[PDB]
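Colleague: Sharing a structure, written as structure tokens. Questions coming.
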Amino acid sequence: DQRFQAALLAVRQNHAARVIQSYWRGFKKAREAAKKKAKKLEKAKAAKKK
Amino acid sequence: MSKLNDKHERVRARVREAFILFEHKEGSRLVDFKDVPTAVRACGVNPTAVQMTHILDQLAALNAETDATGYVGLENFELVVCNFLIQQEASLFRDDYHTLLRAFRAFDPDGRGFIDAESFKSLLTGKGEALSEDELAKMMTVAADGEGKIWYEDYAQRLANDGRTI
């Protein structure tokens with residue numbers, strides 16, 4: 001009984017881990033893209049002010 | 001039919017904007033292959049490494065018919081990413097907050113409302129698509145508070161609020 005319950009818990013935890021890893025990768029890449037866009041906008045504003 | 005056409009138009013516009021954000025040169029209509037996974041993820045989805053591999057292979061196969069300059073054309077990138085985004089949105093309505101809440105509850109059988117940072121990192125090290133130590137450190141710095149507890153509800157809300165304007 002304990003082995004069956006542990007196997008089910010391990011399977012669901014593996015699925016959740018894959019989902020969370022994918023979502024964290026997406027979040028990190030989105031944050032990097034947002035920072036890159038913010039830096040480019042600041043550069044454009046600085047160039048326009050001259 | 002009009003609603004579905006507007007859906008296609010929105011998907012194409014968002015993919016085009018993400019491609020423009022990652023163009024190697026302004027107006028060149030090209031994106032570096034190493035930046036293709038990042039551009040696809042910035043196109044508004046959070047797919048797994050398997051889907052990264054699938055999309056990269058599809059774009060490489062499409063580019064094989066053309067000159068192998070190492071850059072992905074705007075047309076091919078838009079087609080592949082728009083098709084993948086349509087597949088994702090049609091197969092599942094992106095209830096990302098609730099999906100992440102269920103995934104985090106899978107790690108909290110007792111329903112304590114929080115997950116230990118060290119135990120969660122140890123589980124993620126050997127479960128699923130294994131991440132790097134730098135990725136884990138950045139994740140725990142972003143999420144874990146001063147007491148080392150990860151409030152998964154707030155963390156999932158922050159993850160789902162990653163600047164994705166729907």
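FYI, nothing fancy with the structure tokens labels: chains A, B, ... in order, residues from 1 per chain, ligands from 1 as they appear.
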Write out as a list in words each polymer residue whose atoms come within 8 Å of residue A:24, counting only C-alpha atoms; drop sequence neighbours fewer than 4 positions from it.

Modeller: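 Counting only the stated atoms, we get residues 20 and 28 of chain A; 139 and 159 of chain B.
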
Colleague: Which residues of chain A sit at most 12 Å from stretch 1-18 of chain B, using only C-alpha atoms? Give each one's shortest atom pair and distance in Å (one decimal place), in chain and ascending residue order, as a tab-separated table.

Modeller:
residue	atom	partner	partner_atom	distance
A:29	CA	B:18	CA	11.9
A:30	CA	B:18	CA	10.4
A:33	CA	B:18	CA	9.1
A:34	CA	B:18	CA	10.9
A:37	CA	B:18	CA	10.7

Colleague: Just give me the gap between atom CA of residue B:155 and atom CA of residue B:115 in Å, one decimal is fine.

Modeller: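 These two atoms are separated by 10.8 Å.
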
Colleague: Select residues of chain A: the criterion is any atom within 6 Å of an atom of chain B, counting only C-alpha atoms; output as a PyMOL selection string.

Modeller: chain A and resi 13-14+16-18+22-23+26-27+30

Colleague: Pull N, CA, C and O atoms from the residues just selected and write them as an mmCIF file, in the first residue's frame.

Modeller:
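As written to disk, result-v2.cif reads:
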data_model
loop_
_atom_site.group_PDB
_atom_site.id
_atom_site.type_symbol
_atom_site.label_atom_id
_atom_site.label_comp_id
_atom_site.auth_asym_id
_atom_site.auth_seq_id
_atom_site.Cartn_x
_atom_site.Cartn_y
_atom_site.Cartn_z
ATOM 1 N N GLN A 13 4.023 14.368 -8.623
ATOM 2 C CA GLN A 13 5.066 15.346 -8.340
ATOM 3 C C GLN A 13 5.962 15.567 -9.550
ATOM 4 O O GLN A 13 6.401 16.691 -9.797
ATOM 5 N N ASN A 14 6.250 14.511 -10.314
ATOM 6 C CA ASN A 14 7.046 14.672 -11.527
ATOM 7 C C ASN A 14 6.315 15.524 -12.557
ATOM 8 O O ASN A 14 6.916 16.405 -13.189
ATOM 9 N N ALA A 16 3.968 17.785 -11.944
ATOM 10 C CA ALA A 16 3.950 19.149 -11.427
ATOM 11 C C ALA A 16 5.317 19.807 -11.557
ATOM 12 O O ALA A 16 5.410 21.004 -11.845
ATOM 13 N N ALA A 17 6.388 19.041 -11.343
ATOM 14 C CA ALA A 17 7.735 19.579 -11.479
ATOM 15 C C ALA A 17 8.018 19.998 -12.913
ATOM 16 O O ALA A 17 8.601 21.060 -13.148
ATOM 17 N N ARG A 18 7.617 19.176 -13.885
ATOM 18 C CA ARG A 18 7.802 19.555 -15.284
ATOM 19 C C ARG A 18 7.037 20.833 -15.607
ATOM 20 O O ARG A 18 7.571 21.750 -16.249
ATOM 21 N N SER A 22 8.781 24.442 -16.663
ATOM 22 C CA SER A 22 8.429 25.146 -17.894
ATOM 23 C C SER A 22 7.951 26.565 -17.604
ATOM 24 O O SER A 22 8.372 27.524 -18.269
ATOM 25 N N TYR A 23 7.082 26.720 -16.602
ATOM 26 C CA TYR A 23 6.549 28.041 -16.289
ATOM 27 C C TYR A 23 7.635 28.970 -15.758
ATOM 28 O O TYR A 23 7.633 30.169 -16.057
ATOM 29 N N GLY A 26 9.659 30.166 -18.689
ATOM 30 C CA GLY A 26 8.918 31.214 -19.372
ATOM 31 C C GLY A 26 8.950 32.536 -18.628
ATOM 32 O O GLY A 26 9.128 33.595 -19.233
ATOM 33 N N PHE A 27 8.783 32.492 -17.303
ATOM 34 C CA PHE A 27 8.812 33.712 -16.501
ATOM 35 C C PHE A 27 10.174 34.390 -16.564
ATOM 36 O O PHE A 27 10.259 35.614 -16.718
ATOM 37 N N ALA A 30 10.627 35.937 -20.004
ATOM 38 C CA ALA A 30 9.794 37.129 -20.131
ATOM 39 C C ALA A 30 10.387 38.302 -19.363
ATOM 40 O O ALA A 30 10.368 39.440 -19.844
#

Colleague: Grab the atom CA of residue B:134 to atom CA of residue B:58 distance for me, in Å with one decimal place.

Modeller: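 One can read the atom CA of residue B:134 to atom CA of residue B:58 distance as 29.2 Å.
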
Colleague: What is the distance, in Å and to one decimal place, between atom CA of residue B:57 and atom CA of residue B:90?

Modeller: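 So the answer is 22.5 Å.
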
Colleague: Using DSSP assignments from the backbone, pull out every residue in chain B that falls under alpha helix (DSSP H) and give it to me as a PyMOL selection string.

Modeller: chain B and resi 2-21+36-42+49-64+74-91+96-105+117-126+133-143+152-160

Colleague: Next, write the just-selected residues to a file, as a tab-separated table (two decimals), in the first residue's frame, keeping C-alpha atoms as the atom set.

Modeller:
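The resulting out05.tsv:
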chain	number	residue	atom	x	y	z
B	2	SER	CA	-15.11	36.62	-37.29
B	3	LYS	CA	-14.06	35.87	-33.70
B	4	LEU	CA	-11.69	33.13	-34.88
B	5	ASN	CA	-10.26	35.44	-37.56
B	6	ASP	CA	-9.66	38.09	-34.89
B	7	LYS	CA	-7.98	35.40	-32.76
B	8	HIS	CA	-5.65	34.60	-35.67
B	9	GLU	CA	-4.95	38.31	-36.21
B	10	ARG	CA	-4.10	38.80	-32.53
B	11	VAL	CA	-1.82	35.74	-32.50
B	12	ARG	CA	-0.01	36.92	-35.64
B	13	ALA	CA	0.40	40.45	-34.28
B	14	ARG	CA	1.76	39.24	-30.94
B	15	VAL	CA	4.18	36.81	-32.60
B	16	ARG	CA	5.34	39.59	-34.94
B	17	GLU	CA	5.92	41.93	-31.99
B	18	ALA	CA	7.92	39.26	-30.15
B	19	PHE	CA	9.97	38.62	-33.30
B	20	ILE	CA	10.66	42.35	-33.67
B	21	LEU	CA	11.75	42.48	-30.03
B	36	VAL	CA	14.49	31.26	-31.05
B	37	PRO	CA	13.48	29.46	-27.80
B	38	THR	CA	13.52	32.80	-25.97
B	39	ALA	CA	11.45	34.47	-28.69
B	40	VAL	CA	8.93	31.61	-28.71
B	41	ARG	CA	8.58	31.80	-24.93
B	42	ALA	CA	8.21	35.60	-25.16
B	49	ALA	CA	11.85	21.70	-23.18
B	50	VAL	CA	10.22	19.00	-25.33
B	51	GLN	CA	8.20	21.70	-27.10
B	52	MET	CA	11.32	23.87	-27.39
B	53	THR	CA	12.98	20.92	-29.14
B	54	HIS	CA	9.94	20.38	-31.37
B	55	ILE	CA	9.69	24.04	-32.40
B	56	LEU	CA	13.44	24.34	-33.00
B	57	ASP	CA	13.40	21.19	-35.15
B	58	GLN	CA	10.40	22.46	-37.13
B	59	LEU	CA	12.04	25.83	-37.78
B	60	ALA	CA	15.33	24.17	-38.73
B	61	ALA	CA	13.49	21.89	-41.16
B	62	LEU	CA	11.70	24.88	-42.69
B	63	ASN	CA	14.98	26.82	-42.99
B	64	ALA	CA	16.72	23.83	-44.59
B	74	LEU	CA	9.98	36.10	-40.11
B	75	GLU	CA	7.49	34.11	-42.20
B	76	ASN	CA	8.65	30.72	-40.90
B	77	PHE	CA	8.88	31.90	-37.29
B	78	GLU	CA	5.42	33.48	-37.46
B	79	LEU	CA	3.89	30.37	-39.02
B	80	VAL	CA	5.41	27.92	-36.53
B	81	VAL	CA	4.84	30.01	-33.40
B	82	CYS	CA	1.32	31.03	-34.41
B	83	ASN	CA	0.37	27.41	-35.09
B	84	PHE	CA	1.81	26.33	-31.73
B	85	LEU	CA	0.06	29.17	-29.89
B	86	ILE	CA	-3.26	28.35	-31.56
B	87	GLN	CA	-2.79	24.70	-30.58
B	88	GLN	CA	-2.08	25.66	-26.96
B	89	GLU	CA	-4.97	28.13	-26.66
B	90	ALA	CA	-7.49	25.83	-28.35
B	91	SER	CA	-6.48	22.68	-26.46
B	96	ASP	CA	-2.15	29.47	-15.62
B	97	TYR	CA	-2.76	30.58	-12.03
B	98	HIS	CA	-5.02	27.62	-11.23
B	99	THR	CA	-2.75	25.17	-13.07
B	100	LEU	CA	0.25	26.39	-11.06
B	101	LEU	CA	-1.84	26.23	-7.87
B	102	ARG	CA	-2.67	22.58	-8.58
B	103	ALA	CA	0.97	21.82	-9.41
B	104	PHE	CA	2.12	23.41	-6.14
B	105	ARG	CA	-0.61	21.63	-4.15
B	117	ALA	CA	12.48	26.09	-0.14
B	118	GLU	CA	15.25	23.55	0.46
B	119	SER	CA	12.96	20.53	0.06
B	120	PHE	CA	11.33	22.02	-3.05
B	121	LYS	CA	14.74	22.71	-4.61
B	122	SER	CA	15.90	19.17	-3.79
B	123	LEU	CA	12.77	17.71	-5.38
B	124	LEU	CA	13.15	19.86	-8.50
B	125	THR	CA	16.82	18.85	-8.81
B	126	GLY	CA	15.87	15.21	-9.41
B	133	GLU	CA	21.91	25.41	-9.95
B	134	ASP	CA	21.96	29.03	-11.14
B	135	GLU	CA	18.32	28.72	-12.21
B	136	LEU	CA	17.38	27.24	-8.83
B	137	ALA	CA	19.27	29.98	-6.96
B	138	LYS	CA	17.58	32.73	-8.98
B	139	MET	CA	14.19	31.09	-8.42
B	140	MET	CA	14.66	30.87	-4.66
B	141	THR	CA	15.96	34.45	-4.51
B	142	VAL	CA	12.87	35.67	-6.38
B	143	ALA	CA	10.33	33.53	-4.50
B	152	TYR	CA	2.84	29.05	-3.46
B	153	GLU	CA	-0.39	31.03	-3.96
B	154	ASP	CA	1.46	34.35	-4.19
B	155	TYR	CA	4.28	32.76	-6.20
B	156	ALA	CA	1.81	31.32	-8.72
B	157	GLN	CA	0.04	34.68	-8.97
B	158	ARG	CA	3.37	36.39	-9.68
B	159	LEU	CA	4.29	33.71	-12.24
B	160	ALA	CA	0.95	34.08	-14.04

Colleague: Report as a PyMOL selection string: the residues of stretch 57-131 of chain B with a DSSP assignment of strand (DSSP E or B), based on the backbone of this structure.

Modeller: chain B and resi 71-73+115-116

Colleague: For the residues selected in the previous step, produce a file with C-alpha atoms as a compact mmCIF listing (two decimals), in the first residue's frame.

Modeller:
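Contents of part_37.txt, freshly written:
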# COMPACT_ATOMS: atom_id res chain seq x y z
CA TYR B 71 18.85 32.97 -39.03
CA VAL B 72 15.13 32.18 -38.86
CA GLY B 73 12.91 34.03 -41.30
CA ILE B 115 6.45 24.78 0.70
CA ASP B 116 9.93 24.53 2.20
